[PDB]
Amino acid sequence: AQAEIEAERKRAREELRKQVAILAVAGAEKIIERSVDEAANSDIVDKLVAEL
Amino acid sequence: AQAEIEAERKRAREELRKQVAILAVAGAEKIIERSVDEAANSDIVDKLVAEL
Amino acid sequence: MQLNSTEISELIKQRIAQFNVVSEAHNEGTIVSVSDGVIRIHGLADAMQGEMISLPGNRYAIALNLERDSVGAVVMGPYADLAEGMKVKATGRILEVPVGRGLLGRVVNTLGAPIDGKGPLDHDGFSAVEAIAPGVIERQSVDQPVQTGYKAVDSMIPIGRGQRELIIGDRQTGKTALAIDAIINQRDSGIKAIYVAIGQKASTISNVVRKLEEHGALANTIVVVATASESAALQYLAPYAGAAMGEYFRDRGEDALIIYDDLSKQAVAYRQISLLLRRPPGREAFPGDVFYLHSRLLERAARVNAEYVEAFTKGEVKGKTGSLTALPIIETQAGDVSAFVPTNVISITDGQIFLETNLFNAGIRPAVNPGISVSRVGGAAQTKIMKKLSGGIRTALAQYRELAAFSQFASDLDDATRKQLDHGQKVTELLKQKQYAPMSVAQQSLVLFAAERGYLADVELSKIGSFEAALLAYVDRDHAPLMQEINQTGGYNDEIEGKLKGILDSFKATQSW
Amino acid sequence: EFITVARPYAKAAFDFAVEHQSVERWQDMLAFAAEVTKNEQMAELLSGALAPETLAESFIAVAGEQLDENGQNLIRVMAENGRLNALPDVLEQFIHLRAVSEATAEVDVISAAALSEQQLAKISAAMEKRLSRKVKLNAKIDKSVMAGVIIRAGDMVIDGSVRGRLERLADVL
Amino acid sequence: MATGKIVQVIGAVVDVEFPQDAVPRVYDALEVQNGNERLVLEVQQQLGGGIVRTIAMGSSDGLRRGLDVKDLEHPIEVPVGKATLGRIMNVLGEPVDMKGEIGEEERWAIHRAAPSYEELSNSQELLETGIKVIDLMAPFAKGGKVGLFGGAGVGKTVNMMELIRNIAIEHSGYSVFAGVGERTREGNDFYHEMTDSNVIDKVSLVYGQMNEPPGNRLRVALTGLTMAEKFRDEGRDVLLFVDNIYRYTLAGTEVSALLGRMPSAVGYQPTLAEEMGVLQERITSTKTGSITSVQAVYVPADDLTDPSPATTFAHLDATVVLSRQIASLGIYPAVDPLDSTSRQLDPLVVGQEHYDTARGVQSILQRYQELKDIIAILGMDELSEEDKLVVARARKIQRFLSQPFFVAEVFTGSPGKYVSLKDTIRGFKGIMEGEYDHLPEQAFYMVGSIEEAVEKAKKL
Amino acid sequence: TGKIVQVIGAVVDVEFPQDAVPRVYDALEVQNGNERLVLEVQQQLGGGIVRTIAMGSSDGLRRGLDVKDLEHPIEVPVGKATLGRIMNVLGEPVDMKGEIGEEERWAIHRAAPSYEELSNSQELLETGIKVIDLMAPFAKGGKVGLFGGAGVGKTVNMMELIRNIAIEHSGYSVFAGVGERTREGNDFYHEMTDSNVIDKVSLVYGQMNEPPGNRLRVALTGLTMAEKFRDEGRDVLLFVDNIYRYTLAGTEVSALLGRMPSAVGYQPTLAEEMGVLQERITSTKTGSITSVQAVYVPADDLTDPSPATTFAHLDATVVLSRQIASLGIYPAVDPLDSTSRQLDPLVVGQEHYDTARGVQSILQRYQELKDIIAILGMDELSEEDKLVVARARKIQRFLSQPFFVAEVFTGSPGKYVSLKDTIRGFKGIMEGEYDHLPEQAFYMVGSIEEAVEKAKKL
Amino acid sequence: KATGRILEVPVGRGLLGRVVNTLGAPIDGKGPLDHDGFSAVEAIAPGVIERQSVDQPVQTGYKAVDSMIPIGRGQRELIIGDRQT
Amino acid sequence: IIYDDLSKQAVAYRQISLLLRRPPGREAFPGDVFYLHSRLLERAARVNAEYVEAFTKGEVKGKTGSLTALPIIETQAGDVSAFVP
Ligand SMILES: Nc1ncnc2c1ncn2[C@@H]1O[C@H](COP(=O)(O)OP(=O)(O)OP(=O)(O)O)[C@@H](O)[C@H]1O
Ligand SMILES: Nc1ncnc2c1ncn2[C@@H]1O[C@H](COP(=O)(O)OP(=O)(O)OP(=O)(O)O)[C@@H](O)[C@H]1O
Ligand SMILES: Nc1ncnc2c1ncn2[C@@H]1O[C@H](COP(=O)(O)OP(=O)(O)O)[C@@H](O)[C@H]1O
Ligand SMILES: [Mg+2]
Ligand SMILES: [Mg+2]
Ligand SMILES: [Mg+2]
C-alpha cells in the first residue's frame, strides 16, 4: 500500500500543479469586492509553472 | 494493517492540503501586488469607514 | 487510490467563499519581557483573567496576573521565538478543546490537536476547559460497579460509578499498571475510558498505547498527552482538558472512566508557573491555592440524576443517569503521606489504594495494603455476591496481619489462632494476580467462595495458585451456564450457593491441581 | 518601571493645576524638570546616595524656570522618596490625564498611501462618535502595507489592510 | 450608582479603588457584574488611599480591570428563622435546592460579637449518645462542644451520622448543619437521608462544597453560626453540626498569602489563633438558650502536633480522638480511650460508679500498652502470670469497646446495636473482673452488649 | 552595538538599541582582555536590556564594554569530522591537533522528536555483569541510569559497561563528560588511544574546573552530536559522565537570573530543564541511541528532588548503596531498589523472571529478619529462618564480580559471565544444591564452577 | 581608588620559610618579601590534554598510609575524620 | 600543599553569601559551594612536559610539574554522609 500511495502522490502533483491556477478568486474577489479584469493574464501561468 | 493504511492515506491527503494552501496564499499576494488599483484602495477605505 | 486529489482543490477553494471581508476590532498590547515561558504585556485594558491571548503566529497565552499597568501571561508552547515589542491581540475566548465521540482511539495533546498521525479529528464541537461541577441537588448516589478485574481491588476496595479513588504509592510499585488494567477491563463493559498522561516521557506513552492496542481496549479509550518536554502551562492544563472530554459523556448519560496519571507532576508544573509569576510561595514552596486546583479538578467526577441529563440534552435523552469516575495517581517519595500534595489529594478523594515497596518486593503483586487502603462507598458499589464474600475478607486479612505481628515468637498457638493464621496466609497467597490478566466477576466470586467456605484449608500454600487455575479451567469447561448467569445478573441466592458448593465439591474430588 | 509610582504624583499635580487654572505652565515645568533629569552629570548625581534634602536643593539650583512655591514643593516631595527619576513618566501621565479631562483623543492612521481630506474627515467623524470625544488624527502611512488602512485609538485597533486580510485568510488553514 | 473600579485581579483577591470620601468599611459587601453573573466581594483591608483588598465570593474568571463596583453599605446578611428550615442555602443565603424563594422575614449579618461574660451558663446536664466508648470515656453534656478528631478515613463522618441519628431525631428541636468544605456527594446523600427519614422539616442546611472558591469556604461556617444564634436568641435549644472545622482555617491560609501577610509556623496565617477564637466563641450556650455542637476536626497526617488541631483542642469540652492505628485493625468506632476525654468525667456529675469504671479501664489499657512492648520482642512467656492476666483482660476490653452502627450496615453487612449507659457500665465492670476471663478475644469483636458476647463465643 | 551594564558572577546584562534586541538563545561576543568571550542570551528584559550567561570566566569584564551580536545560536561541528577528537562546549577543538574538518554545524537547542517518530525495541543487550543483567536487564536503544552517592563506584561500572557493550556494537559512540574530574578524562582518552579504538568515539568534555555556563551547556553539544549520528541512520551509544552537574549548574545560575528558589533551593524550572534534555535522548525509526547515564545522589538522599525527577525518565535504574560498598561487595548494586522495564516474562522468558523474583523475595525476607537478628542474635530464629539467612548471605556474596577495569584495585583478574551461567547459578543456589559451601566460596567469583573450585581451598 | 590589578598574590621560591598572610604580607618579624612577581589568585586549571597520569610516589612516614593508601605526585587525597582524631 | 579545615572555609562562604542575601540550599550553604571547592581542588594536577615547555617559553624542557594536595574535612559524629564531606 505504501508503494501504491508513493506513485499516486506523483500522480497527485499534476492536479495540485493545475489547481494553483485558480488564485484570482482568493485574492482578487476578496480585496476588490467586485470581479476584476485579468491583469495578471501572463503572471498566473508564470506563478503556476514556477511555483510547482 | 488496513486501518494503518487508511490512516496513512488520510494523512497524505491532509499533507497535500497543507502543501497547496501556503503557495496559494503566496501567489495571491503577488496577484494583489500586480492587480492592485488606487481606485480599489480608495474603495476599500471608504467601505470600511462607512461601517466602522 | 487518491482521486480526491482533485476534490481537495475544491475544498480549499470554497474556503474563499467562506471567508469574510469584515474589519473586526480588538484590544492590543505589547510584550515588554520574555523569560522562561512567561511574558509581561503592557496595555490590554480589556483583558480578562483566564482569557486566551493570541500571539504572533498561531500561538496563545493565558492571562493569569491582571496587575495594574501590566498583564502576566504564560505561553502555551515554545516561547523562544517571542520578542520584546511584538504586538499582542486580546481575543474574547476562554480556552476550549475539541470534544465528541470521535475522539475514541485517538491520541491528542492537551490542546486537542491529534498527534497520533491518524489524520484530522472528527468531533462534536468544542467545550470549555474550565467549568463548574454539578451542584448538590443535581447528583445521584453511587450504586453501580466498575470492575477493575483485580481480585484484591474488586473484593476489598470496591470502586463505584462516580467515585474518586486515589492510587497512591512509591515509585515503581505498579500504580500505572493497575490503572491501565482497569482501562483494559472496560473494553466490553460499555464505560468509556480517558487516560491523561502528565509529564511522562513520550516513549512510555508509546508503550502504553501499544499495550492498549495489543488488546481491544484502545478503540474504547481517549489518550491525552502532555510530555515532560512541553511547557508547564500545557502540563497543568492537561487534566482539565481530559475532564471536559469525559464530561462530554457524563452529561449525555454515558459512563466514563478518567485516569489522571501523576497529579503530583501537575502540582509541580503549577508550582513552577506560580514561582515564575512571583506569587508568594507557601509551605514546601507550593502556592497556597494548590488545594483549590485539585479540589475543583476532582469535583467534576460525579454521578448526575436523570433530571440533569434531560435538562442538558433538552429532552433528547430521558431516563438515563450519567457518571464520571476518576482514578488520580499520586507518587509518595518514601511512603511519607505527610507531604503537602499527598495530604490534599487524600483529603479530597473518596478513598485510596495504598501500594508499597515492601509487599511488592515480598512478591505480593498487586501490592495492595489492606489496612490503610479504604473505599468510602463500600458495599453499595459491589454486586450482591461479591459484597457478601469480601465484606468479612478485608477486615479478616487486616486482623490476620495484626495477629501475625503478635504471634511471631510464641511457640504455642490456640487452635482458633492457628485457624486465623493459616487462613490469613492462604488468603494473602490467593489475592496475587499476574499483570494483564483481568478476571470476570464470576471467576472472582468463585475463588472467593472457595476461600471463604474453607475449601482451601487442606491445600498446601504453594499449590494454591495452581488450585485456582485448575478450578477456573474446570468450571469454564464444565459449568459455563452458571458463569454466564453470575456475570450477567450478579445475583446471589440459596440455589446459587448450592450450585457453587456442588461445583467446589466436584472439583476437589475429581480434579487435580 | 516608574509607571506605577508616577501615577499619584501626576494625579496630585493635575488636580492642583486644575484648582489653580494653570495647567499649561505646569506641563511646561514638568517638561523642563524631565529634561534636566536626562543630563549626564545629573544622572550620576541622582544615582548616588545623597541625602534627600541636599539632592533636592541641588536639583532646585539647576532649575530657574520653575514656579518655586509649587514646583519646588513637588520636587522636594519626590526627592524625599527618591522618585526623581520618575519625572519623565509623571509628565506623560499628566499629559494623559489632561487629555482625558479635555475629552480629547489622539488617533494614528496607517495606510499604503496618503489619504484624501474627505476620507480623513469621515474617519474623524466616525471616531468622534465611537469615542464620544474630540479627535486629532495623524497620518503615518507605511511602506509594507500595500492596500487598506489601519486605525489605532488608545489600544483599540480596527484593521482593514490587505496584509491583515492575507494573514487572516491563511489562518483558515 | 457604582462608584468603584477594579484595579487588580490576582487569584481570588480583587482590589477596588473608591473615592477618598466613600471608602467601604471593613467586612462590607460589594457587587460587580462578571459578565452575566452578579458577583459579590467582601472587603478585608483598607490600604493606601481609597483602595480596598477584597475576597471574591465566586469565580474570579472573566473579571476585567476597570469594572464598576457598587458599594453595598452592609456586611453579608443571610435569611434567618423558621423560613430556613428544610432548605439548602449557600454562603450568601441563596437557595440552591430549586425549591424557590426562601421567603424570609428577617436577615442577619454574619459578623457579630460573641456573648459577653455575664450571659454564659454552666448547665452541664448529662446527655446519652448510645455509644459505649463515647458515653463511658467522654460523656456529653447539653450545651457543650464536642470535637471528633481524626485523620482522613478514620470514621468521623459515620460517627457524626450515627450521633445525628441518635440525638437529633429524639432531640425534638431545631438543628443546623454547616457543610464546610464537604464533598458534594456526601452532602447530597445526607440530604436524601434526611428527606427519606422525614426529619428534614426540622433541620436547616448550609453547604459550601470543596469546589467553591476560598471565600465561600471561609465564610460558610459563619452563616450556620448566625442561623443557630438566631434560633438560640428565640430561647430554643438547637443542635449545630459542623462538617469539618479544619477546612475553614485552610481557606484562611489560602487567602492569607495574597493578602500581604507574612507566613508563620508550618505556613499557616499569623492570625490562625485569632480567627479560630473568633469563630469558636460564638458557639456557646447563654442563659436564654443552649447550643449543642458536634464538630469534626481534620488532623493532617494524623499529627496532633499540627497547630490547626492543636489550637482547637482548648475550645472544646469533650474531645474524641480517632486514631488510624486502631482503624488499621478494622475495629471501629476506632475511638482511642487513652486520648479521649471530657470535662464531665468527674464524680460530681457522673457519680462514683461511672468515674471508677472509666478510671479502671484507662489504667488497664495503659498497663497493657506498656506490656505489649515486652511481648512484641521477648514473647508472652516472660511476663508475670498477673501481667499475662492483665494483657488478656485488656485485650478483651479493647475489642469490647467496638460496636456496630446501623448507619454503617452498607460497609459491615451486619445489624447495628444501641446500648444504654447502665449496660455499658455493667459490661465493662464484668470484663474488668473475672466474670468473662474464659471468653476468647474474638468473642467480643463488634458484638454490642456484653449479654450477647457469650453468644458469639458459643458461635465462634 | 551592545553595552554591558551589569556583571553579577556568571550573569552579564547587555543593553541594545530597542530595534535590534537579540532573540532568546542568541550567541553574543565580547572582547575580554586578550581573549574573546561568548555570551548566551537567556531572558529578554524590558527597555532593550538582555540577560546573558557567560561561556567563560567573567572576571575582568568592565561595565560599558562593546558587545557584538551574532545572529545565530551556539552552533557546534557535527558528523564524522568529530570522530576521535576532544571538543569544547563551544565546539572548539581542545586537543593540540589542528582544526576540525567540519562540513556542517548544528544549533545545540533543538526540539524533541515527535510522538509519531518513536520506535519500540525489545532486543535484550547482554552484559558481563551478573547483577545488572539479572535484576535489571536493558534493551538496545534504551536508557540506563546509575544512581549512587559519592565514591560508591558509578564511574567504574560505566567503564565496565563501555568495555563489555563495545564488543558487540560496531557503530559510533559519544562520551560527554559533564562536571567530572579532568584526570579521569585524560586517562580515558589515553586508554582509548592506546587501544586504537579512539577513531570511533567523539568526546565532549566540560569538567568541574569550568565556569557554570560550560557545565550547563556542555551536555547539549554531546546530545547534538549523538543526534547527528542518529539521523544518519546509525546505531549510536551515548554516555553521560554525570547528569547531575547539569541541574547543579542550573541551580547555581538560577538565583542570579532573578528566579525565586523552590523546594530545597533548586530552581523552579528543575523539572522542565531536566525533561527538555532527557527527551532528546531517544531511539527513533530512523536510528537508535543507547544511553548510559550516571546520576549523582547528593548526601545519599534518594528522596532529593534531583534524583527523584530523574527516575521517571529512565528505562532501567541501577541503585548503588554505600552500605553494601562498605562490606567490600562490588559492584555495590542494591537488588531491592534496582529495577528495569525489561524484567517482564514476555521478553526475558519465564526462567529468568522466576529466578529474579525468587532472589528478590529471599533478600526481602533477610531484610525483614535483620532487625530481630540485630537485637536477639541469630539463635532465636526458626530453623527455616536460619536457612533463609544462610541462603541470602550466599546470594549476596555471589552478586560480587571481579571487573577487568578494577584489576588495578583488586589485583585479581576480571571475569565475564554469561546470562545463562548467572541464571543457572542463582537457581542452583536458591534450590539449595550448594548449601554445603561456605559463604567465602562465593565472594568475588565469576561463575558457580569457580565458586566450587574456590570452596576446595576455602 | 581602583587599582588596575585583578587580585594577585606574591609568588616565588623566596617565600619558602616565611609565614605569610593571605594577601602576601609577612606576619613574622623577618622583614619584607623577596619574590618573583605576582600571580592571579583565581585561575583555571590545566585542561584535559595538558594532564599526565600519576605514577610517582609521595611517601608519608606512617606505614599504614604508604602501604594501604598510597599517595602519588599530583593526586588529591582527602583526610577526613572527627575532632581531635 | 595541605589545606587545613577546608570546612572552616565553607562556613566562611556561607557568611559572605548569607550576608549578600543569596538563597541558601541544602543545610544553609549556597548552591555554589560545590564550585568553590571544585575550582580550588582541580588546580592540583600533574602536567606533561609539553605544557611546562609552553609555559616556560622553552627555558625548561622534558620535566613534568606536579602539585599534590591533602584537603582536611571535619565530620560531626563521624557522619560521612553530610553535605560538605
Ligand atoms: N501485578 C503485577 N505482577 C507483576 N509485575 C507487575 C504487576 N504490576 C506491575 N508489575 C511490574 O512492576 C513494574 C512497575 O510497574 P508500573 O510501571 O505500573 O509502576 P509505577 O508505579 O507506575 O511506576 P513509575 O513510578 O515508573 O511510573 C513493571 O515492571 C511491571 O511489569
Ligand atoms: N569491581 C570493583 N572492585 C573493587 N573496587 C571497586 C569496584 N568497583 C568500584 N570499586 C571502588 O570504587 C571506588 C570509587 O569508584 P568510582 O571512581 O567509579 O566512583 P564514583 O561513584 O564514580 O564516584 P564519584 O562520585 O567520586 O565520581 C574505587 O576506589 C574502587 O576501589
Ligand atoms: N463504624 C464503622 N463501621 C464500618 N466501617 C467504618 C466505620 N467507620 C469508618 N468506617 C470505614 O471508613 C470509611 C470512611 O469513613 P468516613 O467517616 O467517611 O471517613 P472520614 O472520617 O474521613 O469522613 C468508610 O467507607 C467505612 O468503610
Ligand atoms: Mg507509572
Ligand atoms: Mg466520616
Ligand atoms: Mg565518578
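These protein sequence lines are chains A, B, C, D, E, F, G and H, in that order.
The first sequence begins at 105 in PDB author numbering and counts up one residue at a time.
The second sequence begins at 105 in PDB author numbering and counts up one residue at a time.
The third sequence begins at 1 in PDB author numbering and counts up one residue at a time.
The fourth sequence begins at 2 in PDB author numbering and counts up one residue at a time.
The fifth sequence begins at 0 in PDB author numbering and counts up one residue at a time.
The sixth sequence begins at 2 in PDB author numbering and counts up one residue at a time.
The seventh sequence begins at 89 in PDB author numbering and counts up one residue at a time.
The eighth sequence begins at 258 in PDB author numbering and counts up one residue at a time.
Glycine included, every Cβ here is placed at the ideal spot set by N, Cα and C.
Any non-hydrogen atom of ligand 3 closer than 7 Å to residue i Cβ
i	result
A407 of chain E	yes
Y206 of chain E	no
Whole-angstrom distance between residue j and residue i, CA atom to CA atom
i	j	result
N165 of chain E	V406 of chain E	10 Å
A295 of chain F	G146 of chain F	6 Å
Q67 of chain D	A44 of chain D	19 Å
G335 of chain C	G169 of chain C	7 Å
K192 of chain C	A381 of chain C	18 Å
Beta-carbon proximity list for residue i, same chain, < 7 Å, skipping 5 on both sides
i	result
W107 of chain F	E76, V77, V79, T225, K229
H294 of chain C	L263, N344, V345, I348
Per-residue contacts from residue i into chain E (C-beta, under 7 Å)
i	result
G371 of chain C	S327
From the options, residue whose alpha carbon lies closest to that of residue i
i	options	result
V441 of chain C	C:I31, C:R278, C:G149	C:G149
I244 of chain E	E:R216, E:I330, E:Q32	E:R216
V223 of chain C	C:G135, C:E214, C:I62, C:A238	C:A238
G85 of chain C	C:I41, C:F126, C:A73, C:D422	C:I41
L104 of chain C	C:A509, C:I12, C:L218	C:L218
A302 of chain H	F:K81, F:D422, F:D301, F:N187	F:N187
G454 of chain C	C:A197, C:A398, C:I486, C:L504	C:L504
Under 7 Å from the C-beta of residue i: neighbouring residues of chain B
i	result
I142 of chain D	What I142 of chain D touches in chain B: nothing, since even the nearest Cβ is about 11 Å away.
Proximal chain G residues relative to residue i, where beta-carbon distance stays under 7 Å
i	result
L298 of chain H	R164
Chain-ordered chain F contacts of residue i [CB-CB under 9 Å]
i	result
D36 of chain C	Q43, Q44, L258, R260, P269, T270, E273
Proximal residues of chain B, C-beta to C-beta of residue i below 9 Å
i	result
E137 of chain A	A144, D147, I148, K151
Chain-ordered neighbours of residue i on chain D, where CB pairs are closer than 7 Å
i	result
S23 of chain C	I159, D160, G161
Cβ neighbours of residue i in the same chain (closer than 6 Å, five flanking residues each side left out)
i	result
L257 of chain F	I9, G10, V12
Where residue i meets chain C, residues with beta-carbon distance less than 8 Å
i	result
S362 of chain F	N361, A362, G363
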